[PDB]
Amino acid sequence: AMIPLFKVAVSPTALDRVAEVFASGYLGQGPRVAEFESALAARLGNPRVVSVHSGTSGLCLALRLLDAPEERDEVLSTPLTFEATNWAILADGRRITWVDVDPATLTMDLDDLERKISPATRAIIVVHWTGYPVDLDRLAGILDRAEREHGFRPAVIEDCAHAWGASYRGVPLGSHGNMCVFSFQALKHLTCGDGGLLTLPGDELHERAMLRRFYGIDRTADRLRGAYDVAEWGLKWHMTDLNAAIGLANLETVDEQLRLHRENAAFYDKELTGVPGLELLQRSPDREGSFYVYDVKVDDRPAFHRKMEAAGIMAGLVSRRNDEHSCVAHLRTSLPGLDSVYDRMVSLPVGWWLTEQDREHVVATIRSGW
């Protein structure tokens, strides 16, 4: 019985909701999308939420919403993320400038970020990697100083794909003044099969997002009579009712599943300290992460991997560090923080599908040495 690192959480009520969509004969973007958006807005405490096709499409739309001259061609991003984060930048026609990783958190090194903001910086994408939030107040201070130095304030987009339900300093992600993109892909906490959510900090961005997620076409307009105008183009970035229905079905139990992710993480916190050759990540008590996976850093990782495999525990990387891909060989730079942890890091199963017996087995296996 292999314990997986990721698992789909699809409610046995999803079929009932999909049946409703098929029976209605309306499969497009309609009342279920509206219902799902309303439900998400209430949970988030941000009314400005825009459902989208995927987290990836949400990131593409967020970048498209930026108003800055083309000469501002740089987007700052870390390579320790899923490729979507960074390929969205390339698809937006911009150049990636890599920011290092803080070895203590495995999220963006904000000292390195501050050093790399330049007059060419149009945006910064920050990833709440594996569900652990970035220090958003510190980030805001960095931007305050950058604005005072350069005369403009680079936009921040928060990639929240791993961080449904997370909060920082008593405020849910989505409400810290930056655009945020959540993912409802099959393996994420809340799934629509595929889907995402772009949240906006203000009305102008909200209104532009609603338009540009469907070609810039106002869907309330009389399209049969050509009585609409596309002010700004967009693509097919919206969510439809088929996927909103699945999301609605999965909302019922996502909180309990999050609670289990967090309970399991707390168990590992307690039981994996004092293991020679294993280092835990120290998480700050001023925020609440979502633990998409549970990261540790180990000595002799090849032996650790063999140990996990033999014990039927799936353990490893979420992705290859993106700066190593040959498609971006021309963008390589020195990232010593990431270098110092990349051969040590390993993600462990921590999700709702872990029985007490499962999580005990993970801990017992690790404690028997490798």
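Numbering starts at 1 and runs along the sequence shown.
- Legend: mean Cα B-factor per stretch from the PDB entry, 350-358 versus 10-18; the higher mean is in 350-358.
- When the C-alpha B-factors of 312-320 and 56-64 are averaged, 312-320 comes out higher.
- The entry assigns its greatest Cα B factor, within the set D92, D135, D269, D109, to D269.
- The entry assigns its greatest Cα B factor, within the set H261, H162, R213, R225, to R225.
- When all modelled residues of the chain are sorted by CA temperature factor, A104 is found within the highest third.
- When the CA B factors of the chain's modelled residues are split into thirds, the value for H325 lands in the lowest one.
- Ranked within its chain, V254 lands in the middle third, by CA B factor from the PDB record.
- Sort the chain's modelled residues by C-alpha temperature factor and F152 lands in the highest third, per the entry.
- When the modelled residues of the chain are ordered by C-alpha B-factor, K236 sits in the lowest third.
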